[PDB]
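Trainee: My structure is below; once you've seen it, I'll send some questions.
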Amino acid sequence: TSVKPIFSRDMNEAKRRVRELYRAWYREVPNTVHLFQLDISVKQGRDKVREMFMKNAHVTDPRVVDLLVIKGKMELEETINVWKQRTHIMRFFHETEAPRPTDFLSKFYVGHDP
Amino acid sequence: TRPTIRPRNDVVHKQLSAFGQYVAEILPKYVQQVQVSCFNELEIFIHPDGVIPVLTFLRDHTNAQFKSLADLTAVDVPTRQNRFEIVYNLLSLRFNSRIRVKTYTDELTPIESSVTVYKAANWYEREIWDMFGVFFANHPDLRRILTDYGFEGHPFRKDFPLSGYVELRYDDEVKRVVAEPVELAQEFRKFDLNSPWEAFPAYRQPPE
Amino acid sequence: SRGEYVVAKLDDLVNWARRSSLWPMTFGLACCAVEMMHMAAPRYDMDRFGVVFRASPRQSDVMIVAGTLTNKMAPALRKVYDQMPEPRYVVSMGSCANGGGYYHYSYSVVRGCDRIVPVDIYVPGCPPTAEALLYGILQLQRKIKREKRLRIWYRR
Amino acid sequence: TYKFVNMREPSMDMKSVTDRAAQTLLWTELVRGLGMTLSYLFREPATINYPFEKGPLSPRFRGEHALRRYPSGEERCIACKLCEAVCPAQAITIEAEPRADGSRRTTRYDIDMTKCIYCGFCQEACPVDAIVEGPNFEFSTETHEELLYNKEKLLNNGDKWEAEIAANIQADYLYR
Amino acid sequence: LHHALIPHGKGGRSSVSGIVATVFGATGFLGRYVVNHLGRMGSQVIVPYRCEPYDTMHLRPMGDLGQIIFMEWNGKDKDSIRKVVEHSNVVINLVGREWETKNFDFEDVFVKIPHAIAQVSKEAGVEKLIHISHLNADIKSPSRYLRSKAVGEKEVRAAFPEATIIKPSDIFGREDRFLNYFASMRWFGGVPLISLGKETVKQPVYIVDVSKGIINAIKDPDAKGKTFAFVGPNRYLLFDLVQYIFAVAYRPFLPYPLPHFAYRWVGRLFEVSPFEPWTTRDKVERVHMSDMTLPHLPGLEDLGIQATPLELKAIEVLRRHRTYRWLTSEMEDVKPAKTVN
Amino acid sequence: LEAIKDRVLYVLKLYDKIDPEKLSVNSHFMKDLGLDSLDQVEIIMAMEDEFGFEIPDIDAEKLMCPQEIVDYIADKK
Ligand SMILES: COC1=C(OC)C(=O)C(C/C=C(\C)CC/C=C(\C)CC/C=C(\C)CC/C=C(\C)CC/C=C(\C)CC/C=C(\C)CC/C=C(\C)CC/C=C(/C)CC/C=C(\C)CCC=C(C)C)=C(C)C1=O
Ligand SMILES: CCCCCCCCCCCCCCCCCC(=O)OC[C@H](COP(=O)([O-])OCC[N+](C)(C)C)OC(=O)CCCCCCCCCCCCCCCCC
Ligand SMILES: CCCCCCCCCCCCCCCCC[C@@H](O)O[C@H](CO[C@H](O)CCCCCCCCCCCCCCC)COP(=O)(O)OCC[N+](C)(C)C
Ligand SMILES: CCCCCCCC/C=C\CCCCCCCC(=O)O[C@H](COC(=O)CCCCCCC/C=C/CCCCCCCC)COP(=O)(O)OCCN
Ligand SMILES: NC(=O)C1=CN([C@@H]2O[C@H](COP(=O)(O)OP(=O)(O)OC[C@H]3O[C@@H](n4cnc5c(N)ncnc54)[C@H](OP(=O)(O)O)[C@@H]3O)[C@@H](O)[C@H]2O)C=CC1
Ligand SMILES: *P(=O)(O)OCC(C)(C)[C@H](O)C(=O)NCCC(=O)NCCSC(=O)CCCCCCCCCCCCC
Ligand code: SF4
Ligand code: SF4
Ligand code: SF4
């Protein structure tokens with residue numbers, strides 16, 4: 001019904017805020033790679049930014065989109081201020097987790113997981 | 001005498017009831033309910049958008065000088081439509097009293113920040129946001145306060161597992177601490193303690 | 001043999017100095033760090049044994065992990081441990097550092113500092129008394145006494 | 001009632017002004033602090049000569065755990081799991097079954113001493129005085145696994161410390 | 001299978017992988033990586049060590065409670081070898097040294113010890129043996145190191161016919177010799193190269209790829225009695241490779257030719273060190289030797305591993321050798337070296 | 001304007017998701033080239049990287065053709 005708008009009254013304003021946040025995250029990857037002394041490429045960082053933006057592409061609620069951009073802005077400011085360490089930036093990549101099988105036969109061989 | 005039973009104070013009960021009626025009359029637009037618990041605690045349930053008016057009244061009014069904010073917290077009740085319940089505990093030094101104000105909200109509805117009324121609301125609302133997911137509208141600096149950097153989820157919600165989803169260890173291959181899915185050497189043993197017999201008839205709910 | 005005897009005496013000299021001059025880093029996390037203060041206190045004077053607190057990790061030989069290690073603190077603990085130059089030792093004090101402790105089944109706590117750093121001594125208690133921590137320190141000294149680095153090298 | 005901790009004003013007579021000027025120019029309170037430290041220097045130190053001297057303890061002290069026996073040698077524990085229920089830290093694991101003679105006895109009794117918070121609730125909740133928290137506090141190990149006690153280790157602790165455990169329980173059982 | 005060897009869990013720290021592995025030479029470069037991968041998947045690891053126990057401390061966090069077990073062993077002691085391999089179904093052989101000490105020779109560390117490990121393991125009932133050799137293991141090699149590798153490979157195959165013999169090319173990583181050997185030559189003025197490094201072709205392999213292949217060879221049921229070659233994707237001339245190393249480290253690269261006999265004399269000078277030598281004559285021979293091409297042998301692709309190019313992981317190793325002026329330079333700031341493919 | 005067009009085409013051809021043969025000065029990003037919002041945002045940011053002036057979000061959303069890009073640059077000099 002008539003729900004309270006948090007930041008955006010319509011999905012177009014939410015898309016605008018998403019684009020602004022994407023520009024901010026895109027323009028900060030070189031600085032992050034330089035400051036944190038990461039061993040990844042700038043292209044890898046931008047690909048990760050796109051991938052993290054793109055796993056929420058199914059959302060059709062302007063309030064959920066507003067909350068997502070709020071949390072994205074908070075975690076952008078954690079990166080800029082170097083509050084995060086190299087540990088967290090690399091936690092975005094799961095470099096230590098083993099490749100989880102995705103086919104029925106492999107899951108059947110491994111164990112009881114659905 | 002009754003040595004093992006807590007004595008009651010009907011004078012304080014009457015004073016709190018009178019002040020609750022006073023506040024409910026002064027602020028009809030927002031106050032939805034007023035209660036006085038039998039251990040003499042006044043509780044005022046308001047509509048969620050009367051937070052700033054009601055708190056400013058309780059702070060600045062001459063007959064209610066609640067200048068101090070003792071606490072600010074939330075309670076998660078998943079069975080409600082508005083699961084989150086914001087609780088304000090105020091202390092009046094002039095009249096040596098304490099009051100409670102209660103508000104409700106859900107995940108997607110913001111609550112106006114009360115940092116313009118009390119300065120302690122800053123960190124109190126940061127903690128509420130961090131631990132429950134409640135967003136406060138005009139907050140000077142709203143970010144995580146207690147959880148780890150990049151921590152996903154709000155741990156104090158009832159539907160959050162006790163041990164969370166990830167755990168940390170040091171990996172020698174990458175020479176850094178890593179985050180991996182949680183995995184317990186001994187799983188937490190959940191005990192069913194509730195007795196099948198009713199303890200307090202005075203709180204018995206109608207069969208409905 | 002002559003060389004065997006010489007290297008034995010040399011590493012006895014080297015182990016004696018290391019065991020007799022222990023410099024813990026000033027690193028306390030929680031209530032267990034109060035018992036460390038009481039070990040420093042006059043009743044169980046730790047400076048008497050040659051054990052002196054230093055603030056810089058570069059000038060520290062022992063890390064006494066005394067308190068609960070959280071997920072937000074584990075990177076900092078590992079960082080200071082790495083910045084300690086070798087030889088370096090770790091004493092995990094109390095339940096929270098040994099394993100989880102009272103906070104084992106929590107989303108925010110590391111279940112033992114031995115997931116982060118190599119631990120040499122484990123002192124149990126909540127909190128271990130100052131005498132218990134002192135016993136752990138002396139046990140660490142006796143463990144240092146058994147090191148044979150030059151003896152291993154000569155036969156290597 | 002209340003009192004003011006700093007609300008006095010100095011006297012402005014010439015003698016008092018000269019005394020304060022002398023204190024400023026001649027460091028009187030600084031020398032007074034020096035005298036206090038020198039007095040402590042000539043006092044006797046409070047340091048005990050550990051490990052040859054030990055600090056005072058009481059019968060109520062909670063140290064290492066132990067499983068006790070009756071004078072006949074029979075185990076006191078009847079596998080009632082009250083200690084497991086009451087344990088704040090979930091540090092006790094118990095599994096039981098009928099013994100060959102039909103006794104209600106434990107087959108597994110574990111205490112994770114790295115999870116234990118040494119609160120003593122298990123010996124309050126024990127109805128037969130089986131599990132106790134003994135007087136031993138110097139049991140630090142070199143590996144984590146050595147701190148995960150089992151039934152054999154706890155029975156060994158009880159057998160080693162039984163005399164002192166019995167004496168402490170005798171001394172303190174009238175307060176319980 | 002025994003009921004305690006059945007896998008349980010999700011392949012995490014607190015799971016059970018059904019692998020009981022005795023890792024000889026775990027107190028080294030490849031050893032620490034293999035132990036890390038095993039403990040990470042949640043296996044039982046036995047670490048025989050001859051060194052000071054202080055030097056085995058970095059392996060303690062690698063596994064859950066009770067999963068890493070340390071036992072003392074002697075290389076020339078079949079009794080200790082049996083003690084450590086008695087209860088394990090996998091035995092991994094990473095024992096080797098790049099120089100000859102007073103008590104152990106290349107024949108001892110590469111022929112006598114591997115044969116004893118393979119022979120005792122067969123008696124003890126060990127199901128799988130993994131043995132690490134070198135890619136250029138040639139019986140007629142100029143290098144005594146590689147001749148011993150060839151002889152020991154033959155002896156291991158004879159003693160334990162169901163072995164997996166793995167032949168890495170030149171492993172590079174944080175604690176390696178390769179990149180650090182080439183990057184530490186800045187102290188001795190210029191870089192001495194035989195034939196200016198124009199007659200040497202090398203394809204190094206990455207340490208994580210090597211350890212992942214070793215782990216996958218354990219889990220592969222049809223690699224029982226086989227021989228693999230672990231090589232990188234790109235082959236480089238030695239001059240190009242060293243020039244790229246110095247470019248990534250941001251050090252001034254001044255290569256000069258050095259005749260083979262003079263370089264042998266220099267290597268003989270450095271091998272009188274009682275401690276770990278900086279370089280040796282066999283090290284010089286191995287550096288000058290080109291990596292062999294063995295297209296018949298299987299490889300990392302056959303074990304399911306995509307080999308990691310040097311251009312992606314070189315900055316991990318070589319950033320330590322930069323100066324403060326150049327520490328923060330990014331990975332893509334240096335153009336890749338020319339390959340010979 | 002020819003220099004502006006050349007610089008715009010140079011930036012576009014460097015983009016990995018643009019096919020150089022399919023690219024033209026009147027190719028629509030969403031329709032002809034089949035890109036989405038984030039790709040167009042990246043392209044506009046790349047244009048900012050070249051000509052060194054700030055393009056706001058409101059103006060950037062009206063730059064769906066290379067000809068529109070060169071027109072915007074020319075108007076803003
Ligand atoms: C993190 O939270 C926490 C806190 O909050 C911060 C706390 O507060 C606490 C509680 C802790 C405290 C309150 C501690 C606070 C205490 C203090 C501030 C005071 C304690 C005292 C100190 C800190 C002093 C420290 C001093 C130190 C460490 C000095 C020791 C160092 C050295 C001795 C090395 C330097 C000396 C050298 C190198 C000697 C060299 C000599 C020579 C070379 C001479 C030889 C020369 C030759 C040529 C040899 C040849 C000689 C010959 C041949 C002669 C022989 C001939 C003969 C005839 C014999 C806790 C637990 C906590 O958790
Ligand atoms: C520079 C100073 C000059 C004046 C010196 C005056 C006397 C100094 C007295 C104090 C000595 C201090 C050292 C104490 C420790 C003793 C051990 C020690 O020194 O070990 C050193 C090093 C030790 O190597 P290390 O680095 O492994 O040692 C680490 C320390 N350990 C292992 C002991 C714990 O020993 C050697 O280098 C000896 C082995 C043979 C090396 C051959 C090198 C040849 C010459 C070098 C240059 C070659 C290229 C030239 C190119 C151009 C040619 C034209
Ligand atoms: C400042 C300038 C120095 C320059 C360098 C010169 C160095 C001078 C030599 C210094 C020698 C110091 C000797 C230390 C004596 C040890 C004291 C004794 O107690 O040690 C015992 C034995 O310690 C070791 O076994 C031997 C250490 C000393 C011997 C070293 C080798 C001989 C020194 C000579 C140099 C080596 C050359 C040999 C030929 C190459 C063990 O006792 P400990 O358990 O701790 O005490 C615990 C406290 N209690 C008793 C209350 C419980
Ligand atoms: C016949 C005519 C002769 C003419 C000469 C007359 C001169 C004799 C009378 C004047 C002498 C005055 C003494 C001079 C020294 C005064 C220094 C001073 O200024 O006093 C203190 C400053 O001095 C200090 O505060 C000392 C701080 C450090 C103290 C820590 C160590 C001191 C304790 C050790 C005692 C030292 C003993 C000295 C022994 C020397 C052995 C060689 C004032 O500072 P404040 O109180 O902060 O206020 C000023 C602004 N309102
Ligand atoms: N890394 C490389 O460039 C390549 C290596 N290889 C081979 O892979 C294996 C592992 O290589 P790497 O990690 O680099 O080698 P390291 O030198 O780093 O490690 C060697 C290991 O073997 C042990 N060891 C050495 N000699 C003896 C001995 N006499 N008795 C008992 N233990 C001994 C060492 O133990 P401790 O420290 O206790 O003495 C250490 O654990 C070796 O066989 C090597 O030849 C093959 C191709 C390339
Ligand atoms: P066009 O506008 O049609 O398409 C736009 C997209 C693709 C986003 C969607 O089609 C879309 O508009 N979906 C609508 C729902 C939506 O708004 N989705 C996006 C939500 S905003 C959001 O998800 C922000 C997330 C923050 C990203 C975190 C960044 C972390 C990266 C770490 C980088 C570290 C490397 C150094
Ligand atoms: S083990 Fe006990 S005393 Fe020590 S830090 Fe934890 S809760 Fe505090
Ligand atoms: S002392 Fe407390 S924490 Fe320890 S086993 Fe007993 S009940 Fe559990
Ligand atoms: S409370 Fe006592 S009798 Fe009951 S299970 Fe525990 S130790 Fe045994």
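Chain labels A, B, ... are given in the sequence in which chains occur in the structure tokens; within each chain residues are numbered consecutively from 1, and ligands are likewise numbered from 1 in the order shown.
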Give as a CSV table (one decimal) with C-alpha atoms, in the first residue's frame the residues surrounding ligand 3 up to a distance of 9 Å, considering only C-alpha atoms and all ligand atoms.

Mentor:
chain,number,residue,atom,x,y,z
C,3,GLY,CA,82.9,-30.3,18.2
C,5,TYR,CA,81.0,-30.8,23.2
C,6,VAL,CA,81.6,-27.3,21.9
C,7,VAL,CA,78.3,-27.0,20.2
C,8,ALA,CA,76.5,-28.4,23.3
C,9,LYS,CA,78.2,-25.8,25.5
C,10,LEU,CA,77.4,-23.1,23.0
C,11,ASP,CA,73.7,-23.8,22.7
C,12,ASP,CA,73.6,-24.2,26.5
C,13,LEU,CA,74.9,-20.6,26.7
C,14,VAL,CA,72.5,-19.4,24.0
C,15,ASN,CA,69.5,-21.1,25.6
C,16,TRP,CA,70.4,-19.8,29.1
C,17,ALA,CA,70.3,-16.2,27.9
C,19,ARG,CA,65.3,-18.4,29.0
C,20,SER,CA,66.7,-15.9,31.5
C,49,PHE,CA,62.8,-13.8,37.0
C,138,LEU,CA,58.5,-21.2,34.1
C,141,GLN,CA,61.6,-21.4,30.3
C,142,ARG,CA,62.2,-25.1,30.8
C,145,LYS,CA,66.2,-25.0,28.0
D,50,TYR,CA,57.7,-18.8,44.1
D,51,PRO,CA,57.8,-21.7,43.5
D,52,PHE,CA,59.2,-22.4,47.0

Trainee: List all protein, DNA and RNA residues that have at least one atom no more than 10 Å from any atom of ligand 2, counting only C-alpha atoms and all ligand atoms, and write them as a PDB file with N, CA, C and O atoms, in the first residue's frame.

Mentor:
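What landed in result_32.pdb:
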ATOM      1  N   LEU C 150      72.101 -25.579  17.793  1.00  0.00           N
ATOM      2  CA  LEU C 150      73.455 -25.839  17.328  1.00  0.00           C
ATOM      3  C   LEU C 150      73.754 -27.328  17.291  1.00  0.00           C
ATOM      4  O   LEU C 150      74.506 -27.785  16.426  1.00  0.00           O
ATOM      5  N   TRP C 153      72.222 -28.485  14.142  1.00  0.00           N
ATOM      6  CA  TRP C 153      72.983 -27.987  13.000  1.00  0.00           C
ATOM      7  C   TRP C 153      74.274 -28.766  12.792  1.00  0.00           C
ATOM      8  O   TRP C 153      74.663 -29.041  11.652  1.00  0.00           O
TER       9      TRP C 153
ATOM     10  N   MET E 185      71.012 -11.706  -6.571  1.00  0.00           N
ATOM     11  CA  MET E 185      72.288 -11.462  -7.223  1.00  0.00           C
ATOM     12  C   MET E 185      72.580  -9.982  -7.397  1.00  0.00           C
ATOM     13  O   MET E 185      73.648  -9.637  -7.908  1.00  0.00           O
ATOM     14  N   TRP E 187      73.314  -8.036  -5.072  1.00  0.00           N
ATOM     15  CA  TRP E 187      74.368  -7.678  -4.132  1.00  0.00           C
ATOM     16  C   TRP E 187      75.751  -7.793  -4.755  1.00  0.00           C
ATOM     17  O   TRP E 187      76.652  -7.027  -4.400  1.00  0.00           O
ATOM     18  N   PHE E 188      75.945  -8.740  -5.666  1.00  0.00           N
ATOM     19  CA  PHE E 188      77.251  -8.953  -6.288  1.00  0.00           C
ATOM     20  C   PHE E 188      77.387  -8.172  -7.589  1.00  0.00           C
ATOM     21  O   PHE E 188      77.780  -8.709  -8.622  1.00  0.00           O
ATOM     22  N   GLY E 189      77.070  -6.883  -7.535  1.00  0.00           N
ATOM     23  CA  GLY E 189      77.188  -6.025  -8.695  1.00  0.00           C
ATOM     24  C   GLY E 189      76.249  -6.396  -9.821  1.00  0.00           C
ATOM     25  O   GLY E 189      75.039  -6.172  -9.730  1.00  0.00           O
ATOM     26  N   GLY E 190      76.798  -6.956 -10.895  1.00  0.00           N
ATOM     27  CA  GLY E 190      76.013  -7.378 -12.033  1.00  0.00           C
ATOM     28  C   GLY E 190      75.524  -8.805 -11.895  1.00  0.00           C
ATOM     29  O   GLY E 190      75.685  -9.460 -10.865  1.00  0.00           O
ATOM     30  N   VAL E 266      83.605 -19.984  -9.140  1.00  0.00           N
ATOM     31  CA  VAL E 266      82.843 -19.144  -8.218  1.00  0.00           C
ATOM     32  C   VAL E 266      81.902 -19.997  -7.377  1.00  0.00           C
ATOM     33  O   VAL E 266      81.794 -19.818  -6.160  1.00  0.00           O
ATOM     34  N   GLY E 267      81.212 -20.944  -8.013  1.00  0.00           N
ATOM     35  CA  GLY E 267      80.318 -21.817  -7.270  1.00  0.00           C
ATOM     36  C   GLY E 267      81.047 -22.683  -6.262  1.00  0.00           C
ATOM     37  O   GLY E 267      80.524 -22.973  -5.186  1.00  0.00           O
ATOM     38  N   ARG E 268      82.259 -23.119  -6.602  1.00  0.00           N
ATOM     39  CA  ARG E 268      83.080 -23.849  -5.643  1.00  0.00           C
ATOM     40  C   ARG E 268      83.491 -22.962  -4.479  1.00  0.00           C
ATOM     41  O   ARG E 268      83.631 -23.444  -3.350  1.00  0.00           O
ATOM     42  N   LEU E 269      83.706 -21.672  -4.736  1.00  0.00           N
ATOM     43  CA  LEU E 269      84.045 -20.751  -3.657  1.00  0.00           C
ATOM     44  C   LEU E 269      82.911 -20.633  -2.646  1.00  0.00           C
ATOM     45  O   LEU E 269      83.151 -20.598  -1.435  1.00  0.00           O
ATOM     46  N   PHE E 270      81.668 -20.572  -3.121  1.00  0.00           N
ATOM     47  CA  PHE E 270      80.530 -20.354  -2.237  1.00  0.00           C
ATOM     48  C   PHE E 270      80.074 -21.609  -1.507  1.00  0.00           C
ATOM     49  O   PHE E 270      79.285 -21.497  -0.565  1.00  0.00           O
ATOM     50  N   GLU E 271      80.527 -22.791  -1.908  1.00  0.00           N
ATOM     51  CA  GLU E 271      80.051 -24.020  -1.290  1.00  0.00           C
ATOM     52  C   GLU E 271      80.916 -24.477  -0.125  1.00  0.00           C
ATOM     53  O   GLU E 271      80.677 -25.562   0.414  1.00  0.00           O
ATOM     54  N   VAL E 272      81.910 -23.680   0.282  1.00  0.00           N
ATOM     55  CA  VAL E 272      82.658 -23.970   1.504  1.00  0.00           C
ATOM     56  C   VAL E 272      81.942 -23.478   2.748  1.00  0.00           C
ATOM     57  O   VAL E 272      82.494 -23.579   3.850  1.00  0.00           O
ATOM     58  N   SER E 273      80.731 -22.957   2.605  1.00  0.00           N
ATOM     59  CA  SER E 273      80.004 -22.409   3.741  1.00  0.00           C
ATOM     60  C   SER E 273      79.551 -23.530   4.668  1.00  0.00           C
ATOM     61  O   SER E 273      78.900 -24.477   4.214  1.00  0.00           O
ATOM     62  N   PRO E 274      79.876 -23.466   5.961  1.00  0.00           N
ATOM     63  CA  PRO E 274      79.331 -24.459   6.897  1.00  0.00           C
ATOM     64  C   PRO E 274      77.822 -24.417   6.974  1.00  0.00           C
ATOM     65  O   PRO E 274      77.185 -25.450   7.208  1.00  0.00           O
ATOM     66  N   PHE E 275      77.235 -23.243   6.786  1.00  0.00           N
ATOM     67  CA  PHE E 275      75.798 -23.041   6.827  1.00  0.00           C
ATOM     68  C   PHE E 275      75.215 -23.302   5.440  1.00  0.00           C
ATOM     69  O   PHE E 275      75.848 -23.926   4.587  1.00  0.00           O
ATOM     70  N   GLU E 276      73.991 -22.856   5.210  1.00  0.00           N
ATOM     71  CA  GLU E 276      73.361 -22.997   3.904  1.00  0.00           C
ATOM     72  C   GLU E 276      74.108 -22.175   2.858  1.00  0.00           C
ATOM     73  O   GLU E 276      74.180 -20.943   2.986  1.00  0.00           O
ATOM     74  N   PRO E 277      74.674 -22.799   1.825  1.00  0.00           N
ATOM     75  CA  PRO E 277      75.453 -22.042   0.841  1.00  0.00           C
ATOM     76  C   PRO E 277      74.580 -21.157  -0.027  1.00  0.00           C
ATOM     77  O   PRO E 277      73.402 -21.435  -0.257  1.00  0.00           O
ATOM     78  N   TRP E 278      75.183 -20.077  -0.520  1.00  0.00           N
ATOM     79  CA  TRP E 278      74.456 -19.172  -1.403  1.00  0.00           C
ATOM     80  C   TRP E 278      74.286 -19.776  -2.789  1.00  0.00           C
ATOM     81  O   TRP E 278      73.214 -19.665  -3.393  1.00  0.00           O
ATOM     82  N   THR E 279      75.329 -20.417  -3.307  1.00  0.00           N
ATOM     83  CA  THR E 279      75.260 -21.114  -4.581  1.00  0.00           C
ATOM     84  C   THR E 279      76.313 -22.208  -4.577  1.00  0.00           C
ATOM     85  O   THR E 279      77.272 -22.168  -3.805  1.00  0.00           O
TER      86      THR E 279
END

Trainee: Would you please give, as a ChimeraX atom specification, all residues of range 111-305 of chain E that DSSP assigns to alpha helix (DSSP H) based on the backbone?

Mentor: /E:113-124,144-159,178-183,207-219,238-249,260-270,281-288

Trainee: Which residues are near ligand 9 in this structure, taking near to mean any atom at most 10 Å from a ligand atom and counting only C-alpha atoms and all ligand atoms? Format them as number ranges by chain.

Mentor: D: 66-68, 75-87, 92-96, 104-106, 109, 121-132

Trainee: Let's have the selection written as a tab-separated table (two decimals), in the first residue's frame, with C-alpha atoms.

Mentor:
chain	number	residue	atom	x	y	z
D	66	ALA	CA	38.31	-34.68	39.45
D	67	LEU	CA	35.92	-37.62	39.63
D	68	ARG	CA	35.62	-39.12	43.10
D	75	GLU	CA	32.65	-44.43	41.39
D	76	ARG	CA	30.27	-41.85	42.81
D	77	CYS	CA	29.00	-40.70	39.41
D	78	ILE	CA	25.67	-42.24	38.47
D	79	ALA	CA	25.46	-40.60	35.02
D	80	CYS	CA	22.59	-38.30	35.94
D	81	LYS	CA	23.80	-35.52	33.55
D	82	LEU	CA	22.84	-32.72	35.95
D	83	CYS	CA	26.34	-31.29	35.57
D	84	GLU	CA	25.99	-31.45	31.79
D	85	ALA	CA	22.64	-29.67	32.04
D	86	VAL	CA	23.87	-26.91	34.36
D	87	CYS	CA	27.27	-26.32	32.72
D	92	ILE	CA	30.84	-31.58	29.75
D	93	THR	CA	29.93	-34.48	27.44
D	94	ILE	CA	28.37	-37.57	29.03
D	95	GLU	CA	27.20	-40.92	27.67
D	96	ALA	CA	25.96	-43.76	29.85
D	104	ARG	CA	23.88	-46.81	36.09
D	105	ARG	CA	27.41	-45.73	35.14
D	106	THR	CA	29.06	-43.53	32.52
D	109	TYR	CA	32.70	-38.37	30.64
D	121	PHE	CA	28.32	-25.19	39.02
D	122	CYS	CA	28.93	-28.86	38.23
D	123	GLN	CA	29.91	-29.66	41.82
D	124	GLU	CA	26.96	-27.68	43.15
D	125	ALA	CA	24.60	-29.63	40.89
D	126	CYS	CA	26.13	-33.04	41.59
D	127	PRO	CA	23.91	-34.92	44.09
D	128	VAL	CA	26.58	-37.49	45.04
D	129	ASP	CA	29.75	-35.33	45.21
D	130	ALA	CA	31.24	-37.15	42.23
D	131	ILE	CA	32.56	-34.32	40.08
D	132	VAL	CA	34.58	-31.82	42.08

Trainee: Per residue of chain B within 7 Å of chain E, note the shortest atom pair and the distance in Å to one decimal, counting only C-alpha atoms, and order the rows by chain and increasing residue number, as a Markdown table.

Mentor:
| residue | atom | partner | partner_atom | distance |
| --- | --- | --- | --- | --- |
| B:172 | CA | E:36 | CA | 6.9 |
| B:173 | CA | E:33 | CA | 6.6 |
| B:183 | CA | E:14 | CA | 6.2 |
| B:184 | CA | E:14 | CA | 6.6 |
| B:185 | CA | E:14 | CA | 5.7 |
